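> Fold the following.
(3 chains)
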Amino acid sequence: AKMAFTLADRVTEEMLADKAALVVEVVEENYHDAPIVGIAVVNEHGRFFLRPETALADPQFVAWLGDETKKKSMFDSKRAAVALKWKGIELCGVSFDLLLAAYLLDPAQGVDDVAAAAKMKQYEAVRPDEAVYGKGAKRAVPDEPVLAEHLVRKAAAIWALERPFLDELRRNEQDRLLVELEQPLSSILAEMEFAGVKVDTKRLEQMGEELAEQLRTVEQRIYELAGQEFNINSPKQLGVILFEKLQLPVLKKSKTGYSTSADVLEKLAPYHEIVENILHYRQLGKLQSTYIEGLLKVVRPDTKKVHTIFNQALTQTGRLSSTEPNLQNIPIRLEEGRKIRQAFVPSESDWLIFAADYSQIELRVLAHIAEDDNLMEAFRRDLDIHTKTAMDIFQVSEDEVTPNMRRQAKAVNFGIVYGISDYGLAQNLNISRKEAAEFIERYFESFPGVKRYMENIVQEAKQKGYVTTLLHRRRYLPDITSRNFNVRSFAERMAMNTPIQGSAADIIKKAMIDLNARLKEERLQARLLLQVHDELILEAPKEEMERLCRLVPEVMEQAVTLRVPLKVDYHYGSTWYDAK
DNA sequence: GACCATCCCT
DNA sequence: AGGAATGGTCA
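Residues are numbered from 1 along each chain as shown, chains lettered A, B, ... in the order given. Dropping the coordinates below:
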């Protein structure tokens, strides 16, 4: 039943071949400064299981890990590389990462281990990690005999599956996408994560003090105005005070009871003073739980740093996501919350944070793919696009655009981006579909090319079964041909949206790779810290700011060539907050 | 341990 | 259109 492997107690010369499938196993979910539990190598000479202590103490092994000339096939190499970075070891030569290769072929399958990736091509000579390691309170590294076998099986799997995966990719015209975009990007992310971002804790802790006092005030009020105490954070308990005791109008039901979202409470404010106090409490509460307490809990005390993990093979569109902490949802919209960014600071002395963002990248991508003339023009003029849209759909001159007319031409614009229907717009603008379709009809009259795109795209999705991005990312939409209207329409929104959202991910991903090449060429010390969807955040010495101001937007703006110009803006300052 | 509902970002 | 983290809940 077993798979044959030498359980090596010493590193021999035949374990160091030029081509190999390697496994450096890090069971911990958060791999930052995480133990490596075992190692397996498979190559032309055999199958080997090496204990970390033995192997990682071996100058010959660690030299093989670092040699770029020695090519290694792997599953989720970033996990491996970071875990080794924390131990002063560099991993190079990884020319094939199956996790990223599975992800490119079909992001829907949710590949998250070798077993899942293996089934894709009908190979099942390997177990689901969860099967070996357990789950949750049961998670545990097993004994050496079981471990070594599993690890060798994974390795064997990778060795087996490379050629078939790489062949399919090529058919799909995604071979370069793997080797030139996603894999090279894997390295940059490794470094970004390892580096981390410094957190001024005292600053954070003080904010935690002020909030604690402010929440204590609002809380008391709420109970006073309620004439009672209850768990304000309970959707069920609160829904009893609002909709039963104070007889507030039920404007919405959730699946399990009445809805107490901000949207509902905003409308109920005129009826009772308790409402404003609840929303105020929720705002200050979110900040306390997620942005002061949640953060201080993941700051490493040793370096006062946070090292996020960037998931590269998770999002359905090609975007990244970051975890523990999520450094892509730090509050910026309201001033109270925006001040949480004062706690993100440069890691050295005399350094500054530097933020470069893309200006309306999505809509610029739409302009390019749809080839809409009116829209291409608007961008060649570097116009305010919301004002411009307000001018066209409402048939007025620049000076006639009122603030609300602009607020709505915005709502629509993102409607178009998301492929939204009258109904989605209706609620979004607070109105009715009878009038929401009038805007839409009116939009497509000023933008015949975008209309033309929505039609062609849904149809190609219908015919081909998938939609593609500029750089060849792919999304299968099996639900497009569904008979259920809800399920059909949603797939159509995806057909419409994914090439836009996903071509934007590709572009910034390419930027990131170009930025790295240049930072190195220019011998600048500036290092890339975060990526927030259309934004790159760096920290550099104060001396380098001036060059970065000219260098970063140019590398970004030049990442690809669309029919409309790309436009970047930048800022910098003592803290992240100030990079505004 | 999963779900839910709520809220934060692009 | 894509994501992630929390407290409550009932299990």
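> and the residue of the stretch 1-150 of chain A found nearest DNA strand B, how many residues sit next to it?
Of all residues in the stretch 1-150 of chain A, the one sitting closest to DNA strand B is residue A:136 (3.5 Å; C-beta to the nearest atom of the strand). Quick note: C-beta positions are derived from backbone N, CA and C, even for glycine. For residue A:136, the count of nearby residues is 6 (other C-beta atoms under 10 Å).
> DNA strand B contacts on chain A?
Within chain A, the positions lying close to DNA strand B (C-beta under 7 Å from any atom of the strand) are A:135-137, A:235, A:239, A:254-257, A:259-263, A:279, A:282-283, A:286, A:328-334, A:337, A:532-535.
> Just the buried ones from the residues you listed?
Taking 16 or more other C-beta atoms under 10 Å as the criterion, what is buried in the residues of chain A next to DNA strand B is A:239, A:259-260, A:279, A:282-283, A:328, A:330-331, A:337, A:532-535.
> Keep only those of these that are in strands.
Among those, the members found in strands (DSSP state E) are residue A:535.
> So which of the buried ones among the residues of chain A next to DNA strand B is the closest to residue A:390?
Proximity of those to residue A:390 (C-beta to C-beta) peaks at residue A:534, which lies at 22.8 Å.
> Leaving out chain neighbours, which residue sits closest to that closest one?
The spatially closest residue to residue A:534, leaving aside those adjacent along the chain, is residue A:358, at 4.2 Å (C-beta to C-beta, 6 or more residues apart in numbering).
> Could I get the phi/psi values of that neighbour?
Main-chain dihedrals, residue A:358, degrees, to the nearest 10: phi -80, psi 140.
> now the strands: where do they sit in the stretch 251-400 of chain A?
Along the stretch 251-400 of chain A, counting by DSSP state E, counting those that start in this stretch, strands occupy A:253-254, A:257-258, A:305-306, A:309-311, A:321-323, A:344-345, A:351-358.
> Any part of the lengthiest helix in chain A near DNA strand C?
Secondary structure of chain A per DSSP state H: the longest helix is helix A:485-521. Yes. Judged by C-beta under 7 Å from any atom of the strand, helix A:485-521 and DNA strand C are in contact via A:490, A:493-494, A:497, A:501.
> Between strand A:351-358 and that helix, find me the angle.
Calculated by axes from the mean of the first three to the mean of the last three C-alpha atoms, to 10 degrees, helix A:485-521 forms an angle of 130 degrees with strand A:351-358.
> got JSON lines for the strands of the stretch 251-400 of chain A, with distance to residue A:293 too?
Converted to JSON lines, the strands of the stretch 251-400 of chain A look like this (distance: least, C-beta to C-beta, whole Å):
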{"stretch": "strand A:253-254", "distance to residue A:293": "26"}
{"stretch": "strand A:257-258", "distance to residue A:293": "27"}
{"stretch": "strand A:305-306", "distance to residue A:293": "14"}
{"stretch": "strand A:309-311", "distance to residue A:293": "20"}
{"stretch": "strand A:321-323", "distance to residue A:293": "17"}
{"stretch": "strand A:344-345", "distance to residue A:293": "16"}
{"stretch": "strand A:351-358", "distance to residue A:293": "23"}
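> Of all these, which one is nearest DNA strand C?
Ranking these by proximity to DNA strand C (C-beta to the nearest atom of the strand) places strand A:321-323 first, at 3.5 Å.
> Buried residues in the closest one, which are they?
A:321-322.
> for stretch A:142-150, same thing?
By neighbour count on 16+ other C-beta under 10 Å, the buried set for stretch A:142-150 is A:147-150.
> my guess is residue A:328 contacts residue A:322, does it?
Yes. Taking C-beta atoms under 8 Å as the definition, residue A:328 is a contact partner of residue A:322 at 5.1 Å.
> what residues are shared contacts of the two?
Residues touching both residue A:328 and residue A:322 (C-beta atoms under 8 Å, 6 or more residues apart in numbering) are residue A:530.
> now the residue of the stretch 1-150 of chain A found nearest DNA strand C, nearest residue through space, not along the chain?
DNA strand C sits closest to residue A:107 of the stretch 1-150 of chain A, with a gap of 7.2 Å, by C-beta to the nearest atom of the strand. Spatial nearest neighbour of residue A:107, excluding adjacent residues (C-beta to C-beta, 6+ apart): residue A:316 at 5.2 Å.
> Phi, psi for the one you found please.
According to degrees, to the nearest 10, residue A:316 has phi -70, psi -10.
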